[PDB]
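**Q** I have a structure I would like to understand better, so I am pasting it below and will then ask my questions one at a time.
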Amino acid sequence: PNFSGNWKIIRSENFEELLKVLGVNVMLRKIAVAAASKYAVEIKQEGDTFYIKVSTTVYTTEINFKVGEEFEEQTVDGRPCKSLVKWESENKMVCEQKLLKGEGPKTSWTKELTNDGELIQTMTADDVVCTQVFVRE
Ligand SMILES: *C/C=C(C)/C=C/C=C(C)/C=C/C1=C(C)CCCC1(C)C
């Protein structure tokens with residue numbers, strides 16, 4: 001697998017519903033859905049080490065981790081969490097998140113390279129799965 005590349009979103013499903021579970025009110029959810037349509041992921045992968053830059057028009061953030069080594073990031077709604085990435089197969093990884101503070105819905109994300117040159121990312125909050133599909137820029 002090489003996830004490395006500059007990825008451009010082509011499809012985004014169930015994102016508003018994810019944010020609803022997470023407690024975001026509707027006007028902000030619609031504004032977030034719009035931001036998600038102009039959103040890009042840059043990945044540099046070296047073996048089991050990943051550098052990931054996620055950016056929208058006005059915001060950019062970096063996630064760096066090594067598979068199997070716990071790290072700190074934030075949930076989709078910005079709450080700090082403890083995260084651990086494991087492989088599920090050659091081209092799919094799964095991340096479990098644990099809130100650093102307080103309580104909230106159970107959240108996780110996945111990344112998968114398809115055999116057709118697509119990157120599929122999912123994000124989960126309890127019962128709700130948002131799916132996002134990217135192609136290489
Ligand atoms: C491996 C990829 C990861 C962990 C992706 C994380 C993506 C986000 C935290 C996305 C957040 C977004 C918003 C909260 C509002 C709309 C734009 C997004 C999709 C960039």
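Chain identifiers are assigned as A, B, and so on, following the order in which chains appear in the structure tokens; residues are numbered from 1 within each chain, and ligands are numbered from 1 in order of appearance.
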Kindly work out which residues sit at most 9 Å from ligand 1, using only C-alpha atoms and all ligand atoms, and give the list as a PDB file with C-alpha atoms, in the first residue's frame.
**A**
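Result saved to pocket37.pdb:
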ATOM      1  CA  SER A  12     -19.130  13.004   0.861  1.00  0.00           C
ATOM      2  CA  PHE A  15     -21.549  14.046   7.039  1.00  0.00           C
ATOM      3  CA  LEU A  19     -22.270  16.204  13.020  1.00  0.00           C
ATOM      4  CA  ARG A  29     -23.822  21.797  10.159  1.00  0.00           C
ATOM      5  CA  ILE A  31     -21.854  25.508   6.798  1.00  0.00           C
ATOM      6  CA  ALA A  32     -19.623  22.552   7.696  1.00  0.00           C
ATOM      7  CA  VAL A  33     -21.067  20.390   4.913  1.00  0.00           C
ATOM      8  CA  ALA A  34     -20.208  23.169   2.446  1.00  0.00           C
ATOM      9  CA  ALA A  35     -16.642  23.383   3.788  1.00  0.00           C
ATOM     10  CA  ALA A  36     -16.326  19.602   3.385  1.00  0.00           C
ATOM     11  CA  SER A  37     -16.901  19.869  -0.360  1.00  0.00           C
ATOM     12  CA  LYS A  38     -13.698  21.900  -0.829  1.00  0.00           C
ATOM     13  CA  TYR A  39     -11.453  19.736   1.306  1.00  0.00           C
ATOM     14  CA  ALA A  40      -8.126  18.085   0.562  1.00  0.00           C
ATOM     15  CA  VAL A  41      -5.909  15.462   2.188  1.00  0.00           C
ATOM     16  CA  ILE A  43      -0.514  12.034   2.899  1.00  0.00           C
ATOM     17  CA  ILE A  52      -1.471  13.609   7.123  1.00  0.00           C
ATOM     18  CA  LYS A  53      -2.432  17.208   6.360  1.00  0.00           C
ATOM     19  CA  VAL A  54      -6.192  17.861   6.139  1.00  0.00           C
ATOM     20  CA  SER A  55      -7.169  21.289   4.838  1.00  0.00           C
ATOM     21  CA  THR A  56     -10.218  23.304   3.845  1.00  0.00           C
ATOM     22  CA  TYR A  59      -8.248  25.801   8.008  1.00  0.00           C
ATOM     23  CA  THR A  60      -5.449  23.239   7.960  1.00  0.00           C
ATOM     24  CA  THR A  61      -4.374  20.632  10.469  1.00  0.00           C
ATOM     25  CA  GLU A  62      -1.795  17.862  10.663  1.00  0.00           C
ATOM     26  CA  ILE A  63      -2.136  14.325  12.030  1.00  0.00           C
ATOM     27  CA  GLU A  73      -5.600  14.237  18.089  1.00  0.00           C
ATOM     28  CA  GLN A  74      -9.129  15.644  18.089  1.00  0.00           C
ATOM     29  CA  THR A  75     -12.538  14.243  17.245  1.00  0.00           C
ATOM     30  CA  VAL A  76     -14.466  15.548  14.224  1.00  0.00           C
ATOM     31  CA  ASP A  77     -16.162  18.105  16.489  1.00  0.00           C
ATOM     32  CA  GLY A  78     -12.840  19.248  17.947  1.00  0.00           C
ATOM     33  CA  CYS A  95      -8.474   4.216  14.335  1.00  0.00           C
ATOM     34  CA  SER A 108     -13.582   6.189  15.090  1.00  0.00           C
ATOM     35  CA  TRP A 109     -12.214   6.617  11.586  1.00  0.00           C
ATOM     36  CA  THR A 110     -10.917   4.420   8.771  1.00  0.00           C
ATOM     37  CA  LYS A 111      -8.782   4.905   5.686  1.00  0.00           C
ATOM     38  CA  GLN A 121     -12.250   7.573   4.531  1.00  0.00           C
ATOM     39  CA  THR A 122     -15.022   6.813   6.990  1.00  0.00           C
ATOM     40  CA  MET A 123     -15.797   8.523  10.270  1.00  0.00           C
ATOM     41  CA  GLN A 132     -15.764  10.322   2.040  1.00  0.00           C
TER      42      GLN A 132
END
**Q** Determine, counting only C-alpha atoms, which protein, DNA and RNA residues have an atom within 12 Å of an atom of residue A:20; residues of the same chain fewer than 2 positions away are not included. Present the result as number ranges by chain.
**A** A: 14-18, 22-30, 32-33, 76-77, 105, 124-130
**Q** Filtering to C-alpha atoms, could you give me those residues as a compact mmCIF listing (two decimals), in the first residue's frame?
**A**
# COMPACT_ATOMS: atom_id res chain seq x y z
CA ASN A 14 -23.83 11.29 5.72
CA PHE A 15 -21.55 14.05 7.04
CA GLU A 16 -24.41 16.21 8.28
CA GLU A 17 -25.85 13.28 10.20
CA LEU A 18 -22.44 12.62 11.79
CA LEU A 22 -21.97 15.14 17.70
CA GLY A 23 -24.32 17.94 18.80
CA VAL A 24 -23.59 20.60 16.17
CA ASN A 25 -26.62 22.79 15.50
CA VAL A 26 -28.12 22.90 12.03
CA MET A 27 -26.89 26.23 10.66
CA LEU A 28 -23.30 25.32 11.53
CA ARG A 29 -23.82 21.80 10.16
CA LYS A 30 -24.86 23.17 6.77
CA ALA A 32 -19.62 22.55 7.70
CA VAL A 33 -21.07 20.39 4.91
CA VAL A 76 -14.47 15.55 14.22
CA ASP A 77 -16.16 18.10 16.49
CA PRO A 105 -20.45 9.31 21.51
CA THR A 124 -18.11 7.02 12.86
CA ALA A 125 -20.08 8.45 15.78
CA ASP A 126 -22.08 5.69 17.48
CA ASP A 127 -24.49 4.33 14.86
CA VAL A 128 -23.73 6.89 12.12
CA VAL A 129 -21.07 6.35 9.46
CA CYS A 130 -19.94 9.18 7.18
**Q** Which neighbours of residue A:113 fall inside 6 Å, counting only C-alpha atoms, when residues of the same chain fewer than 4 positions from it are skipped, and could you give them as a list in words?
**A**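 So the residues in contact are residues 91, 118 and 119 of chain A.
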**Q** Fewer than 4 positions away in the same chain doesn't count, so skip those; otherwise give me all residues within 12 Å of residue A:102, counting only C-alpha atoms, as number ranges by chain.
**A** A: 79-81, 98
**Q** Write down as a PyMOL selection string the residues belonging to stretch 74-131 of chain A that are assigned strand (DSSP E) by DSSP computed on the backbone.
**A** chain A and resi 74+80-89+92-99+107-113+118-125+128-131
**Q** Go ahead and save the picked residues with C-alpha atoms, as an mmCIF file, in the first residue's frame.
**A**
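Output file again_38.cif follows:
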data_model
loop_
_atom_site.group_PDB
_atom_site.id
_atom_site.type_symbol
_atom_site.label_atom_id
_atom_site.label_comp_id
_atom_site.auth_asym_id
_atom_site.auth_seq_id
_atom_site.Cartn_x
_atom_site.Cartn_y
_atom_site.Cartn_z
ATOM 1 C CA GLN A 74 -9.129 15.644 18.089
ATOM 2 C CA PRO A 80 -9.232 16.145 22.214
ATOM 3 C CA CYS A 81 -8.883 12.374 22.147
ATOM 4 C CA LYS A 82 -6.414 9.515 22.476
ATOM 5 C CA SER A 83 -6.111 7.524 19.243
ATOM 6 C CA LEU A 84 -4.634 4.196 18.120
ATOM 7 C CA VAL A 85 -4.386 3.047 14.482
ATOM 8 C CA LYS A 86 -4.214 -0.628 13.500
ATOM 9 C CA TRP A 87 -4.285 -2.340 10.126
ATOM 10 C CA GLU A 88 -7.307 -4.368 9.083
ATOM 11 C CA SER A 89 -5.812 -5.588 5.775
ATOM 12 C CA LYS A 92 -7.149 -0.447 5.243
ATOM 13 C CA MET A 93 -6.415 1.004 8.663
ATOM 14 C CA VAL A 94 -8.784 1.616 11.571
ATOM 15 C CA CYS A 95 -8.474 4.216 14.335
ATOM 16 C CA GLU A 96 -10.189 3.992 17.718
ATOM 17 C CA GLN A 97 -10.532 7.212 19.706
ATOM 18 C CA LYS A 98 -11.035 7.750 23.440
ATOM 19 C CA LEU A 99 -12.082 11.111 24.847
ATOM 20 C CA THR A 107 -15.981 7.793 17.533
ATOM 21 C CA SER A 108 -13.582 6.189 15.090
ATOM 22 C CA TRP A 109 -12.214 6.617 11.586
ATOM 23 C CA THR A 110 -10.917 4.420 8.771
ATOM 24 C CA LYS A 111 -8.782 4.905 5.686
ATOM 25 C CA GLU A 112 -8.692 2.523 2.756
ATOM 26 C CA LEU A 113 -7.037 2.456 -0.647
ATOM 27 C CA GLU A 118 -9.577 5.850 -4.652
ATOM 28 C CA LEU A 119 -8.997 6.721 -1.031
ATOM 29 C CA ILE A 120 -12.077 6.021 1.083
ATOM 30 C CA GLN A 121 -12.250 7.573 4.531
ATOM 31 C CA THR A 122 -15.022 6.813 6.990
ATOM 32 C CA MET A 123 -15.797 8.523 10.270
ATOM 33 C CA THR A 124 -18.111 7.025 12.857
ATOM 34 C CA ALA A 125 -20.077 8.451 15.776
ATOM 35 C CA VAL A 128 -23.734 6.888 12.118
ATOM 36 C CA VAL A 129 -21.068 6.352 9.456
ATOM 37 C CA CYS A 130 -19.940 9.182 7.183
ATOM 38 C CA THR A 131 -18.086 8.074 4.040
#
**Q** Run DSSP on the backbone and tell me which residues of stretch 4-115 of chain A come out as helix (DSSP H, G or I); list them as number ranges by chain.
**A** A: 15-21, 26-37
**Q** If you keep C-alpha atoms, can you produce a file of those selected residues as a compact mmCIF listing (two decimals), in the first residue's frame?
**A**
# COMPACT_ATOMS: atom_id res chain seq x y z
CA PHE A 15 -21.55 14.05 7.04
CA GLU A 16 -24.41 16.21 8.28
CA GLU A 17 -25.85 13.28 10.20
CA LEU A 18 -22.44 12.62 11.79
CA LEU A 19 -22.27 16.20 13.02
CA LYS A 20 -25.83 15.91 14.36
CA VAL A 21 -24.88 12.97 16.60
CA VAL A 26 -28.12 22.90 12.03
CA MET A 27 -26.89 26.23 10.66
CA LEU A 28 -23.30 25.32 11.53
CA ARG A 29 -23.82 21.80 10.16
CA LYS A 30 -24.86 23.17 6.77
CA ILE A 31 -21.85 25.51 6.80
CA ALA A 32 -19.62 22.55 7.70
CA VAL A 33 -21.07 20.39 4.91
CA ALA A 34 -20.21 23.17 2.45
CA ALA A 35 -16.64 23.38 3.79
CA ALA A 36 -16.33 19.60 3.39
CA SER A 37 -16.90 19.87 -0.36
**Q** Just give me the gap between atom CA of residue A:117 and atom CA of residue A:42 in Å, one decimal is fine.
**A**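 Straight-line distance from atom CA of residue A:117 to atom CA of residue A:42 works out to 14.9 Å.
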**Q** By how many Å are atom CA of residue A:50 and atom CA of residue A:6 apart?
**A**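 These two atoms are separated by 13.5 Å.
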**Q** With distances taken over only C-alpha atoms, which residue among A:70, A:101, A:1, A:64 lies nearest residue A:114?
**A**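 Going through A:70, A:101, A:1, A:64 one by one, the smallest distance to residue A:114 is for A:1.
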**Q** Name the residues in contact with residue A:46 at a cut-off of 12 Å, using only C-alpha atoms, excluding same-chain residues fewer than 6 positions from it; report them as a ChimeraX atom specification.
**A** /A:1-5,52,64-67
**Q** How many Å lie between atom CA of residue A:100 and atom CA of residue A:47, rounded to one decimal?
**A**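 Distance reported for this atom pair: 28.2 Å.
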